[PDB]
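> Order-wise, the sequence lines are chains A and B. Mapping the first sequence onto the authors' numbering, position 161 (from 1) lands on 161, and the numbers just tick up by one. Mapping the second sequence onto the authors' numbering, position 193 (from 1) lands on 193, and the numbers just tick up by one. Beta carbons: idealized from backbone N, C-alpha and C, even for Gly. Just dropping this structure here.
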Amino acid sequence: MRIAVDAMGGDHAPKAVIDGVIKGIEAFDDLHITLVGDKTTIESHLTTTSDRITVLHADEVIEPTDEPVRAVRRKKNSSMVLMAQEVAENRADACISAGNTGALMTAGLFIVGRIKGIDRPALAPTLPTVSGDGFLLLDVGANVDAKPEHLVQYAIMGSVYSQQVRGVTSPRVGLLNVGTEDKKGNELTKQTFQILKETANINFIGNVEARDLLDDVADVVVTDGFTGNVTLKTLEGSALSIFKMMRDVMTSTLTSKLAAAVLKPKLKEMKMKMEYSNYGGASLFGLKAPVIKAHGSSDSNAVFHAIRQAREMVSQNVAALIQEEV
Amino acid sequence: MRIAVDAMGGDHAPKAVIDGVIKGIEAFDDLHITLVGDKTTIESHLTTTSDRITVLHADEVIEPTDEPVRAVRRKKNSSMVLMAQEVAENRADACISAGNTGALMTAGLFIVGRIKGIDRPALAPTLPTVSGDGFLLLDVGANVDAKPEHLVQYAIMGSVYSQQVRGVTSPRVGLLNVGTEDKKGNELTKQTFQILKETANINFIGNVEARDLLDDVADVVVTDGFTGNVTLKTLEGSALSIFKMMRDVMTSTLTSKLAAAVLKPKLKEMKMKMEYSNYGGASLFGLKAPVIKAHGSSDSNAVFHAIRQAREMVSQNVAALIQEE
Numbered sequence: 001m002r003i004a005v006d007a008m009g010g011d012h013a014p015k016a017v018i019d020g021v022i023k024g025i026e027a028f029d030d031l032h033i034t035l036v037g038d039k040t041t042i043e044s045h046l047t048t049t050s051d052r053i054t055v056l057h058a059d060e061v062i063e064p065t066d067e068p069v070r071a072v073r074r075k076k077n078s079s080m081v082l083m084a085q086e087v088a089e090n091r092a093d094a095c096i097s098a099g100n101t102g103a104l105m106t107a108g109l110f111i112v113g114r115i116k117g118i119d120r121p122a123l124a125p126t127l128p129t130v131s132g133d134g135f136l137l138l139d140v141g142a143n144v145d146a147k148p149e150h151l152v153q154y155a156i157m158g159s160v161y162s163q164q165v166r167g168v169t170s171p172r173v174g175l176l177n178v179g180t181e182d183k184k185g186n187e188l189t190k191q192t193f194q195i196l197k198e199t200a201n202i203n204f205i206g207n208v209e210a211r212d213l214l215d216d217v218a219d220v221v222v223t224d225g226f227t228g229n230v231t232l233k234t235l236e237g238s239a240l241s242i243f244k245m246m247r248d249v250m251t252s253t254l255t256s257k258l259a260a261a262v263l264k265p266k267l268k269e270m271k272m273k274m275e276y277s278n279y280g281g282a283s284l285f286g287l288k289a290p291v292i293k294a295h296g297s298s299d300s301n302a303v304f305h306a307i308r309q310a311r312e313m314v315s316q317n318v319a320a321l322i323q324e325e326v
Numbered sequence: 001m002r003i004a005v006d007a008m009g010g011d012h013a014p015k016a017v018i019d020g021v022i023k024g025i026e027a028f029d030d031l032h033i034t035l036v037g038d039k040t041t042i043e044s045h046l047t048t049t050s051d052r053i054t055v056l057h058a059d060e061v062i063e064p065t066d067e068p069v070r071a072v073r074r075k076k077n078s079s080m081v082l083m084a085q086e087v088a089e090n091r092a093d094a095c096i097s098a099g100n101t102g103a104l105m106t107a108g109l110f111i112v113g114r115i116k117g118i119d120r121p122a123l124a125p126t127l128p129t130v131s132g133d134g135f136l137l138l139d140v141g142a143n144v145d146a147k148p149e150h151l152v153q154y155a156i157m158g159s160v161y162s163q164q165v166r167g168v169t170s171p172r173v174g175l176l177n178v179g180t181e182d183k184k185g186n187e188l189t190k191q192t193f194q195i196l197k198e199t200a201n202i203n204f205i206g207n208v209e210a211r212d213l214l215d216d217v218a219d220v221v222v223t224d225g226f227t228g229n230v231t232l233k234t235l236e237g238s239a240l241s242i243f244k245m246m247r248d249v250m251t252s253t254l255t256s257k258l259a260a261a262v263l264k265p266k267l268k269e270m271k272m273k274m275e276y277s278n279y280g281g282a283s284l285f286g287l288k289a290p291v292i293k294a295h296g297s298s299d300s301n302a303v304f305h306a307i308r309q310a311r312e313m314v315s316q317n318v319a320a321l322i323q324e325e
């Protein structure tokens, strides 16, 4: 098993990405990593662990302010393009980048290519729940204009991932909607509900309301890329607001000074919702191989969990199973 | 000022509705309330004797499972329909119900009627922000399938409300979107962006991302009913979920004890988070009179704030001002 990793994308790149790669190499014996980026810089951090790591030099990098299609086509020697090329030329089974989301989706689509029978890829992060089981939200902005058939394919891919990678035997697939009632939604959502109702290979549990997303309402929640993107950003801003209010309550002068016992829980609280990177990162479903967008602020542990998820996606043959299921 | 209130709709109706009405009557000297529902049941809960509370008997009620059009047409003597008829016959200036949302919107459309020039009314609640300035979100589910023209009308109505009732001189109008760039959004949203940019009567500041809604990115935030409903419900349910997740962190005897010291400020925090507290209910902009949908789980405090918001809406002539635009 070979995974190509973009060493240059991300806020803490390249150090955090390299440190996560070293953690994955130490954890999984069968794993081979191709680290793509500035070779000499990458080698500077690799002085203690270099066993199953190959370093592939990339002269250029894609910056966050550049337009994705132009950057991917023009900068053939960027770390992201060379990383995707490793997968396309069959020198890697999966790839991971913490870089620009749009650039990675462009490179995945243009270079890695779609699974046969898959119309449009979907961006799918695993989000937290109160129980800690988590759930898959797909499509959070890979495809803004969606057809009902696209959403049906999203449900199938999310079900295969939830079964093979998360080990959920019969994943509950819900359709994000304005109500729990069967006939709710706009045209796209109602047409999708009717097709989902007739889709044999999934455990379709119906419409799910947004208010219940974090309450373990479903294992897979399906939506179009625009609504999903808006939903994910709403979740992020809500998490920041509540953390801010809690920090004010736990650090206020009006409260007991002894309740300073509580200062240390602030970090734990920030961890519980803000960082869902422990779940692995946003997968681009529908491509010929696993392509994973690691969060831009990924530290070494986040990179490690993205590696662990990509490894399971490869070993459990998710792409081939998706091809068969459609 | 007279407001007709549906005493029968809502999870904690009729006790919470009657108690909220009594709180409004005690807070506002000028307020007259017509309580619509079963006279004997209402009189059981009436702890007050006040000439400014009148009881209007309604033989039937529209249940949460009833179909909106069919129930509204069939149940002519329901509390919701009689409440709306009070507004239509000019025996009340506004009405409030915590009952079935689809039924209430249908009654508003059928009985109260739309302002001339408005194709579709919108469901518009006021949400809190970090600064305390607040912002108006619309449409949050009156019409799930919207055209660009409908969103333009939502921007005009929201701006009028923000200026006249909320005292914002030049309301900043943002289009809820996935990016700041002009070409962002799905087909409906980018088309709306171009029309909104060419719209004369508004201060359009462009696209706004959902992550900044609570940080005063805009005074008025415009979306279609499907996306707006999903956004609003995400905010409410997620605030409850995340608060529960963070509170779970403090469970150990020393941390339980430390948490109980902060218990009074966090009950205060939960109250401050409830968005039926910060404003009343979602107002239906575009009808001839104010019709307010209070949250189905409204307690007395939520009912009261719905009354206070309806009172501000009547006093500032928003229906007339929206019509002028």
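Ordered along the chain, which non-local residues of its own chain (more than five positions away) have a Cβ less than 7 Å from that of B:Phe110?
On the second sequence, position 110 is the one that residue 110 of chain B refers to. Correct list, in chain order: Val72.
> Please state whether the Cβ-Cβ distance between B:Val130 and B:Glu312 is less than 8 Å.
Locating residue 130 of chain B in the second sequence gives position 130, where the first residue counts as 1. Locating residue 312 of chain B in the second sequence gives position 312, where the first residue counts as 1. Not closer than 8 Å, so no.
> Check the Cβ of A:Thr255 against every Cβ in chain B and list those closer than 8 Å, keeping chain order.
The residue given as residue 255 of chain A occupies position 255 in the first sequence. Under the 8 Å cutoff, chain B gives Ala261, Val262 and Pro265.
> Taking only beta carbons into account, state which residues of the region 199-221 of chain A come closer than 8 Å to chain B, listed in chain order.
Going along the region 199-221 of chain A in chain order, one finds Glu209, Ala210, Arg211, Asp212, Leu213, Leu214 and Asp215 with a Cβ nearer than 8 Å to chain B.
> Can you confirm whether A:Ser241, when its beta carbon is compared against all beta carbons of chain B, has any partner nearer than 8 Å?
On the first sequence, position 241 is the one that residue 241 of chain A refers to. Yes, its Cβ sits closer than 8 Å to a Cβ of chain B.
> Are B:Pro148 and B:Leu188 touching if we call contact CB-CB under 8 Å?
Counting from 1 along the second sequence, the entry for residue 148 of chain B is found at position 148. Counting from 1 along the second sequence, the entry for residue 188 of chain B is found at position 188. Yes, Cβ-Cβ distance for B:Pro148 and B:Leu188 is below 8 Å.
> Hey, quick one: how far does the beta strand (DSSP E) through B:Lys257 stretch, first residue to last?
Translated into the one-based positions of the second sequence, residue 257 of chain B becomes position 257. From DSSP, B:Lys257 is part of no beta strand (DSSP E) but of the alpha helix (DSSP H) over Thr253 to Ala261.
> Taking CB distances under 8 Å as the criterion, tell me whether A:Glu269 reaches chain B.
Translated into positions along the first sequence, residue 269 of chain A becomes position 269. Yes, contact with chain B.
> With a threshold of 8 Å, are at least 3 pairs of Cβ atoms found where one atom belongs to the region 197-210 of chain B and the other to the region 146-161 of chain B?
Output reads yes: the region 146-161 of chain B touches the region 197-210 of chain B.
> Out of B:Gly117, B:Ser238 and B:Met80, which one is the CA nearest neighbour of B:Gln323?
For this step, residue 323 of chain B is matched to residue 323 along the second sequence. B:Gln323 has its Cα closest to that of B:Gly117, out of B:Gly117, B:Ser238 and B:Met80.
> Taking 8 Å as the limit between beta carbons, can you name the residues of its chain near B:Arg70, skipping five residues before and five after?
In the second sequence, counting from the first residue as 1, residue 70 of chain B sits at position 70. Result list for B:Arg70: empty, nothing under 8 Å.
> Using Cβ-Cβ distances below 8 Å, what residues of the region 25-36 of chain A are close to chain B?
Those residues of the region 25-36 of chain A that come within reach of chain B (Cβ to Cβ, closer than 8 Å) do not exist; the list is empty.
> Given B:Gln191, which residues of its chain have a CB within under 6 Å of its CB, disregarding the five upstream and five downstream residues?
For this step, residue 191 of chain B is matched to residue 191 along the second sequence. Result list for B:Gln191: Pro148, in chain order.
> Can you name the residues that DSSP bridges to B:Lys293?
Locating residue 293 of chain B in the second sequence gives position 293, counting from the first residue. Beta-bridge pairing links B:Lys293 to B:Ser97 and B:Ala282.
> For A:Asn143, does the count of other Cβ atoms within 10 angstroms reach 16, so buried, or fall short, so exposed?
The residue you call residue 143 of chain A lines up with position 143 of the first sequence. Buried, by the Cβ-count rule.
> According to DSSP, is A:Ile156 helix, strand or coil?
Taking the first sequence and counting its residues from 1, the one referred to as residue 156 of chain A is at position 156. Three-state result, A:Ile156: helix.
> What are the start and end residues of each continuous beta strand (DSSP E) run of 3 or more residues lying completely inside the region 172-243 of chain B, in chain order?
Runs of the beta strand (DSSP E) inside the region 172-243 of chain B: 172-177, 203-209 and 220-222.
> For A:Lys264 and A:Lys23, what's the separation of their Cα atoms in angstroms?
Counted from its first residue, the first sequence places residue 264 of chain A at position 264. Counted from its first residue, the first sequence places residue 23 of chain A at position 23. Cα to Cα, the separation comes out at about 27 Å.
> Please return the same chain residues whose Cβ sits closer than 8 Å to the Cβ of residue 394 of chain B, not counting the five positions on each side in sequence.
Residue 394 of chain B lies beyond the residue range present for chain B, which begins at 1 and ends at 325; the question has no answer from this structure.
> So A:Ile322 is in the alpha helix (DSSP H); what residue range does that whole segment cover?
Here residue 322 of chain A corresponds to residue number 322 of the first sequence, with the count starting at 1. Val318 to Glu325 is the extent of the alpha helix (DSSP H) around A:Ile322.
> Would you call the region 135-142 of chain A and the region 218-225 of chain A touching, i.e. three or more CB-CB distances under 8 Å?
Enough Cβ pairs lie closer than 8 Å, so yes.
> Mind checking residue 337 of chain B: buried by the 16 CB within 10 Å criterion, or exposed?
Outside the modelled stretch of chain B, which goes from 1 to 325, sits residue 337 of chain B, for which no answer is possible.
> Can you name the residues of chain B whose CB is closer than 7 Å to the CB of A:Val173?
For this step, residue 173 of chain A is matched to residue 173 along the first sequence. Those within 7 Å of A:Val173 in chain B number zero; the least Cβ separation is about 18 Å.
> Report all residues from its chain with a CB closer than 7 Å to the CB of B:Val168; omit the five preceding and five following residues, and keep chain order.
Sequence index remark: in the second sequence, residue 168 of chain B carries index 168 (1-based). Excluding positions up to five away in sequence, the list reads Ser162 and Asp219.
> Measure from the C-beta of A:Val69 to each C-beta in chain B and report whether the shortest distance is under 8 Å.
Counting from one through the first sequence, the residue named residue 69 of chain A turns up at place 69. Judged by the 8 Å Cβ criterion, A:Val69 is not in contact with chain B.
> B:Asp66 CB to nearest chain A CB: under 8 Å?
Start at 1 with the first residue of the second sequence, and residue 66 of chain B comes out as number 66. Chain A, which has no Cβ nearer than 8 Å to the Cβ of B:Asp66, makes this no.
> Go to B:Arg166, then tell me how far its alpha helix (DSSP H) extends in each direction, as first and last residue.
Taking the first residue of the second sequence as position 1, residue 166 of chain B is located at position 166. Neither: B:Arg166 is in no alpha helix (DSSP H) and is coded neither H nor E.
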